[PDB]
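Each chain, letter by letter, is given below.
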Amino acid sequence: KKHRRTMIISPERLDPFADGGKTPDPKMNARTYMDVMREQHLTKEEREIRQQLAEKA
Amino acid sequence: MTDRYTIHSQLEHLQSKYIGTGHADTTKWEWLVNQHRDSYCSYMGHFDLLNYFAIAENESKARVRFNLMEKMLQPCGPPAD
Amino acid sequence: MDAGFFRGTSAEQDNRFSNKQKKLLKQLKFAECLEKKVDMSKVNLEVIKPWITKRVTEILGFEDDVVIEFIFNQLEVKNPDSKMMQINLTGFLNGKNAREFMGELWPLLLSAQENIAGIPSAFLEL
Amino acid sequence: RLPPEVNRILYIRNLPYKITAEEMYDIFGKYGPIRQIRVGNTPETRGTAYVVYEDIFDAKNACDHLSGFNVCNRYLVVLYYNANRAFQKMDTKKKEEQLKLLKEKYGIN
Amino acid sequence: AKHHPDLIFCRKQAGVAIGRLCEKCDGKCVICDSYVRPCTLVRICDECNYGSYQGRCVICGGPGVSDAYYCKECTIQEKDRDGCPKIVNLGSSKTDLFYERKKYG
Amino acid sequence: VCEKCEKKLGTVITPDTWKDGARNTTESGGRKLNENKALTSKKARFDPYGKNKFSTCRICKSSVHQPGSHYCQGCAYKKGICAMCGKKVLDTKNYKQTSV
Ligand SMILES: [Zn+2]
Ligand SMILES: [Zn+2]
Ligand SMILES: [Zn+2]
Ligand SMILES: [Zn+2]
Ligand SMILES: [Zn+2]
């Protein structure tokens, strides 16, 4: 259960449907879907890296 | 404001369930199309209103019912927008 | 009681919330051509699939087989609802990419059903 | 032999105003090396601080002994900071090039 | 119930299952919650007597001990025709009572 | 009342909470479904034209409060009898009944 205390509140997320699905404004710094999936894939990869580099040393 | 929006969701819930309830923004056209269609259904249902209409026009009852079913599509003309 | 009885209310029971699907069918701006009806028995699908895969892959910047197969699964029914498909993709893609995406996938399926072979015009060419 | 809520970051209340940077680091640096110190500028936050220790055990010890210390004739209130949220995006491009340089360096995958 | 505005009825198409009432709810009307003049028997929809839930209370959900009726006034107004009258959500009052006793006890 | 007269008793509109041996619950059958109140109105209630007219005690001549009773509460308590039929339900040889 303690795993729910590891999770932190994410930064601001974007709403695609807001204002009739308008063209998204650049430099808004709101995460979209593809930003989220990149971060998820990137942390999976980073832990694979540390798990590999653990066994070497 | 929020009370306006909660009234709005409740009334569209009703209108889906019972076809033909209104809300504060029912137009004339909508109200009258509902009461035309309800009238047609009522005429089909009662046997003696349907007899009366089949006598007053010299038609058979099957023709009368079929014409009433044809009128159910646009009973009051096209939508007014 | 194997689960609780209480599981939340469904949308048919609860009047406190408005119908979000109808509301989005009003306010999103859909592409020009999506009103034309499509029959999928008249369309060949597996020739359509690699273009979709490639199209989604470059829009996304990576490949998501769940979005891919989701799009494919929506096209399995006989008359696919195009407006719901643009809504259901708007979350994953920009909502501007979803509009463009339907705007090219839909006339392509129209061209496919007009053919006898099942194949749209630009794919008969090439 | 530690509770899960222990953290490297400490939050400090009742800090006398315009205390020096040197005096701060000297007070908090006894328990271990210090990763970073942030001091509140805005007047609603003014007079309170965050201190990050490089070691988790030093931060544990500084909470355990630091509390109720008397600096500038006032008691010092120390707590753990609960880093419960993130304030910016994690900048996938920098993390990508960093991981590419590590993986290139050790031939991992 | 009529005393709780946030409670919600099932209202699906009722079936051949007879709804029942636990000892606490015995003798009252499911809709308007009265004690007098019982007119008609309550029928519940299929899902609401699925499985283990077969035979629980309509109004609260406890072990049912007698049959539930509509009163005469709900029959005359045809409130007995709206659907399955099983209450599908606990509501704020029931939940608050639990946490309050648990805090104390 | 005595045991044979208890079919002449009136019932309370609300059902009894102790269900066993009740006369007004659904299971007992004394609370019937689809009751028309106008048809069952004169049952076990006073009706000056009907069969239960306003009676007085046969002994003290003061008015009873229960339909179909021939003895007022005090006289029935003191003599030990059923208020409706007058059969004795209590042996009062050793009881100094006190009206106080
Ligand atoms: Zn109950
Ligand atoms: Zn009722
Ligand atoms: Zn139900
Ligand atoms: Zn008397
Ligand atoms: Zn008797």
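Residues numbered from 1 in each chain as written, not as in the entry; some residues may be left out. Chains lettered and ligands numbered in written order. Part of a larger assembly, values for the part shown. Heavy atoms only, no water. Residues with missing side-chain atoms left out of burial classes, pairs and counts.

- Deposited coordinates in this entry are attributed by the record to cryo-EM, at a stated resolution of 2.89 Å.

**Overview of the coordination of the zinc ion (ligand 1)**
Residues and elements named next belong to chain E.
At step 1: Within the first shell, the zinc ion (ligand 1) binds the protein through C22 (SG), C25 (SG), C57 (SG) and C60 (SG), at distances of 2.3 Å.
At step 2: When the donor residues of the zinc ion (ligand 1) are listed from N- to C-terminus, their spacing reads C-x2-C-x31-C-x2-C. Placement of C25 in the loop between β2 (20-21) and β3 (38-41) and of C60 in the loop between β4 (43-44) and β5 (66-67) is noted, with a sequence separation of 35 residues between them. Side by side, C25 and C60 carry an identical accessibility label, which is buried. (Donors = N, O, S within 2.8 Å, 3.2 Å for Na, K, Ca; no water. Helix = DSSP H or I, 4+ residues; strand = E, 2+ residues; numbered from the N terminus. Buried < 20%, exposed > 50% of the residue type's maximum accessible area, 1.4 Å probe, protein only.)

**Overview of unusual backbone geometry**
Residues and elements named next belong to chain A.
At step 1: With a phi angle near 60 degrees, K27 is a residue other than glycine that sits in the positive phi range.
At step 2: Examined against the element boundaries, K27 turns out to sit in the loop between α1 (18-21) and α2 (33-56).
At step 3: Of note, the phi angle at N29 is positive, near 60 degrees, even though the residue is not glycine.
At step 4: Relative to the elements of secondary structure, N29 occurs in the loop between α1 and α2.
At step 5: Given the relative accessible area of 56%, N29 is considered exposed.

**Let's talk about a negative patch on the surface**
Residues and elements named next belong to chain C.
At step 1: Together, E63, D65, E69 and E76 give the surface a local cluster of negative charge.
At step 2: By secondary structure assignment, the location of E63 is in the loop between α2 (49-60) and α3 (65-74).
At step 3: The exposure class assigned to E63 is exposed, which follows from its relative accessible area of 58%. (Patch = residues over 30% accessible without salt bridge, like charges linked within 9 Å, V, L, I, M, F, W, Y side chains within 5 Å. Areas by Shrake-Rupley, 256 points an atom, 1.4 Å probe, with all protein chains shown as cover. Salt bridge = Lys/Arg side-chain N within 4 Å of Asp/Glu carboxyl O. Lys, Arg positive; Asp, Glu negative; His and termini not counted. Charge placed at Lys NZ, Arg CZ, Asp CG, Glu CD.)

**Remarks on the coordination of the zinc ion (ligand 5)**
All names here are of chain F.
At step 1: Here the zinc ion (ligand 5) is held by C2 (SG), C5 (SG), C82 (SG) and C85 (SG), and the distances to it run 2.3 Å.
At step 2: Because the angles between the 4 donor atoms bound to the zinc ion (ligand 5) fall within 105 to 112 degrees, the donor set is best described as tetrahedral.
At step 3: Sequence positions of the residues that donate to the zinc ion (ligand 5) give the spacing C-x2-C-x76-C-x2-C. Pair noted here: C2 is in the segment before α1 (73-79) and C82 is in the segment after α1, with a separation of 80 residues, a long-range link. (Tetrahedral: all angles 85-135°; square planar, octahedral: opposite > 155°, others 65-115°.)

**Section: the packing of α2 of chain C against α3 of chain C**
All names here are of chain C.
At step 1: For the pair α2 and α3, the least separation of the axes is 10 Å and the interaxial angle reads 140 degrees. Put simply, α2 runs oblique to α3. As α2 packs across α3, the resulting crossing turns out to be right-handed. Across from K49, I52, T53 and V56 in α2, the residues of α3 making contact are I68, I71 and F72. (Axes fitted to C-alpha atoms, helices over the stretch in contact; angles between N-to-C directions. Parallel < 35°, antiparallel > 145°, perpendicular 65-115°, else oblique. Left-handed = near helix turned anticlockwise from the far one by under 90°. Contact = heavy atoms within 4.5 Å.)

**Considering the pattern of salt bridges**
At step 1: This model, assessed by the stated rule, comprises 20 salt bridges over all chains.
At step 2: Ionic pairing is found between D35 of chain A and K89 of chain D, a salt bridge with its closest N-O pair at 3.5 Å. On the criterion of chain membership, the pair formed by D35 of chain A in helix α2 and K89 of chain D in the loop between β6 (77-80) and α3 (92-106) is interchain, its members lying in two chains.
At step 3: Judged by its relative accessible area of 18%, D35 of chain A is buried.
At step 4: The partly exposed category is assigned to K89 of chain D, whose relative accessible area is 31%.
At step 5: Residues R55 of chain C and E104 of chain C are paired through a salt bridge, measuring 2.5 Å at the closest nitrogen-oxygen approach. On the criterion of sequence distance, the pair formed by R55 of chain C in helix α2 and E104 of chain C in helix α5 (residues 97-114) is long-range, its members being 49 residues apart.
At step 6: Counted as one network, the salt bridges with shared partners bring together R31, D35 and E39 of chain A together with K89 of chain D.

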